[PDB]
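Participant: Residue numbers (the authors' numbering), protein chains in the order written: chain A, 55 to 107; chain B, 108 to 160; chain C, 3 to 158; chain D, 11 to 128, 135 to 158; chain E, 31 to 54. We treat Cβ as the ideally placed atom computed from N, Cα and C, and that holds for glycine.
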Amino acid sequence: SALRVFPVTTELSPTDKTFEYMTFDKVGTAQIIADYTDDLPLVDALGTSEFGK
Amino acid sequence: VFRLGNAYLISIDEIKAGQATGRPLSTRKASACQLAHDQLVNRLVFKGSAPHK
Amino acid sequence: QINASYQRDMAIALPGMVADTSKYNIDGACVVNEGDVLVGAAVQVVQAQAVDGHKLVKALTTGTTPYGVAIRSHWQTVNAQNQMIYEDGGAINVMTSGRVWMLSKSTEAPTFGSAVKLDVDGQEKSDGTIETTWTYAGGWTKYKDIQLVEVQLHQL
Amino acid sequence: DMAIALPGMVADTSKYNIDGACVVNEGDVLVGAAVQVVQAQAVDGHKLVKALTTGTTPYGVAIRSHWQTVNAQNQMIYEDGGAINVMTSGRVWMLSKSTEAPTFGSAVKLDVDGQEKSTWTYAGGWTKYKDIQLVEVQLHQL
Amino acid sequence: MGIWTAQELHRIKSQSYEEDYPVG
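1) Quick one: is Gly100 (chain D) buried, meaning 16 or more other Cβ sit within 10 Å of its Cβ, or exposed?
2) Are the stretch 105-119 of chain D and the stretch 80-90 of chain D in contact at 8 Å, needing three or more beta carbon pairs?
3) Of the residues C:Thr63, C:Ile148, C:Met97 and C:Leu158, which one's Cα is nearest the Cα of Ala15 (chain C)?
4) Can you name the start and end residues of the alpha helix (DSSP H) that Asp120 (chain B) belongs to?
5) Quick check on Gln126 (chain B) - is its C-beta less than 8 Å from some C-beta in chain C?
6) Any contact between the stretch 44-51 of chain C and the stretch 67-76 of chain C? By contact I mean 3 or more CB pairs, one from each, below 8 Å.
7) Going by CA-CA distance only, name the one from D:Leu158, D:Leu150, D:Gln154 and D:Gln157 that's closest to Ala13 (chain D).
8) Cβ atoms of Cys32 (chain C) and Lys60 (chain C): under 8 Å apart, would you say?
9) For the alpha helix (DSSP H) containing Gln146 (chain B), list its first residue and its last residue.
10) Do you know how far the Cα of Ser44 (chain E) is from the Cα of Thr69 (chain A)?
11) Do you know how far the Cα of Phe105 (chain A) is from the Cα of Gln154 (chain D)?
12) Using the three-state DSSP reduction, which class does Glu126 (chain C) fall into: helix, strand or coil?
13) Please confirm whether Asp145 (chain B) has its beta-carbon closer than 8 Å to some beta-carbon of chain C.
14) Taking the alpha-carbon positions, what's the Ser55 (chain A) to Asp90 (chain C) distance?
15) Can you tell me which of C:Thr143, C:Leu158 and C:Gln9 puts its alpha carbon nearest to the alpha carbon of residue 212 (chain C)?
16) Helix, strand or coil for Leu120 (chain D) per DSSP?
17) Check the Cβ of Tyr51 (chain E) against every Cβ in chain B and list those closer than 8 Å, keeping chain order.
18) Does the beta carbon of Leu158 (chain C) come closer than 8 Å to any beta carbon on chain G?
19) Less than 8 Å between CB atoms is the rule here; does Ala99 (chain A) satisfy it with respect to chain E?
20) Looking at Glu121 (chain B) and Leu111 (chain B), is the spacing between their C-beta atoms short of 8 Å?
21) Give the interface partners of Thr102 (chain A) over in chain E, defined as CB-CB distance under 8 Å, in chain order.
22) Pick from E:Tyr51, E:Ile42 and E:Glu49: whose alpha carbon is nearest that of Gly129 (chain B)?
23) From residue 69 (chain B) to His159 (chain B), what distance separates their C-alpha atoms?
24) Might you give, ordered along the chain, the residues of its own chain that have their beta carbon closer than 8 Å to the beta carbon of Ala111 (chain C), omitting 5 neighbours on each side?
25) Who does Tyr75 (chain A) pair with in a DSSP beta bridge?
26) Mind listing, in chain order, the continuous beta strand (DSSP E) runs of no fewer than 3 residues lying wholly within the stretch 64-91 of chain D?
27) Taking all protein chains shown into account, do 16 or more other C-beta atoms lie within 10 angstroms of the C-beta of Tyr145 (chain C), making it buried, or fewer, making it exposed?
28) Hey, is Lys154 (chain B)'s beta-carbon within less than 8 Å of any beta-carbon in chain A?
29) At what residues does the beta strand (DSSP E) containing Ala6 (chain C) begin and finish?
30) What residue does the alpha helix (DSSP H) around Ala56 (chain A) start on, and which one ends it?
31) Below 7 Å, is the gap between the Cβ of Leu66 (chain A) and the nearest heavy atom of the ligand GDP?
32) Classify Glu126 (chain D): buried if its beta carbon has 16 or more other beta carbons within 10 angstroms, exposed otherwise.
33) What does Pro68 (chain A) touch in chain B if you count any residue whose Cβ is under 9 Å from its own?
34) For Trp142 (chain D), which residues in chain C fall below 7 Å Cβ to Cβ?
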């Protein structure tokens, strides 16, 4: 059966009819630097979402 | 002397949605039924009814 | 100064609303296929599953037999285009017996007990090309710039 | 899994009517077969049912019951001289001799045995169970 | 392609408005 070979979780309320979940990713880099440095590379993050019924 | 009446419907899913979202749907229908009865009484007083003499 | 009091009346019905509590029948094991369905308009059956049991329905089309009329619901309907519609791929409440308020596009009040004629898009019209077993129940009213008609549906 | 249906069993929970004030006048009636009213007593109010014969108008379909009728065979059967349940309106599974499903909404015809040969209408159910070939029928009361 | 969605920065007013139908 599908209820024994696949994981079962309890997180969704009985009144919701649609749900949404998100995944996040990171971007950036690092470099070898010396003292008295001003230009330092920056990092950032982003996200994406999916829906279900 | 005459008798007056009406009714309304509601499902279990609507009851649960009203309990969860904080805005029930049954009380609005009850108010509508009461308003319909009062307006029918007023209309009978001020307009009459030919078939019912 | 003279005190004043005012008065105003509600409307009688809404499109797709069940008319009264007489003996009715709702077929809830239906699924919408290929398009959107307007509440208060007739539907057709394109396939009845032999084992699974669900019925596949869509909006009425030329040269087809209507099955029922979709009804209002505050939980199963999506709010799109400033009104209630039944979206594609979702369950639909289809009524196949009883009195219902239905969308119309005619101009004259109908007579009691006469046969109902439908248009190509699934709305009542006095000179439509689609023949139905249904009859007229006598209700005939108008919401804000919308015509409505009371129709009695018999089980197919 | 499970079997899908059995003969004489009600399909859905829509509007249905069951006449329990009946009795099998002659012979035995197979569960899931059409029956006809041989004689309706004017004052006593009982209807004498029988298996469908040639050139007669059917009345209803006999349904199952675990208490009213018992039998030593695998299949249920109504014995002569016993009270019978007959359903006169609703959706019911029925015995059939056909092999291909007809069109939905078609008007069905009944064989001389009370079976389904090639007015009640087809409902859309066509399954197979132990080589019985059940069919789902919508019955109206006229 | 962000971290927050519009629904997470939305608010619904506590009070609602009702249409009036005097009885007479």
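Facilitator: Checking against the coordinates, here is how it stands:
1) buried
2) no
3) C:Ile148
4) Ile119 to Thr128
5) no
6) yes
7) D:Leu150
8) no
9) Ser133 to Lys154
10) 21 Å
11) 40 Å
12) strand
13) no
14) 30 Å
15) This structure cannot settle anything about residue 212 (chain C), because the visible part of chain C is limited to 3 through 158.
16) strand
17) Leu142 and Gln146
18) In summary, chain G is missing from the structure at hand, where the protein chains are A, B, C, D and E.
19) yes
20) no
21) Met31
22) E:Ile42
23) Not covered by the structure: residue 69 (chain B). The range shown for chain B is 108 to 160.
24) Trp142
25) A:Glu104
26) 70-72
27) exposed
28) no
29) Taken as a continuous stretch (DSSP letters only), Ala6 (chain C) belongs to no beta strand (DSSP E), as it is neither H nor E.
30) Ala56 to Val59
31) With respect to the ligand GDP, the structure offers nothing, as it holds no ligand at all.
32) buried
33) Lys123 and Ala127
34) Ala52
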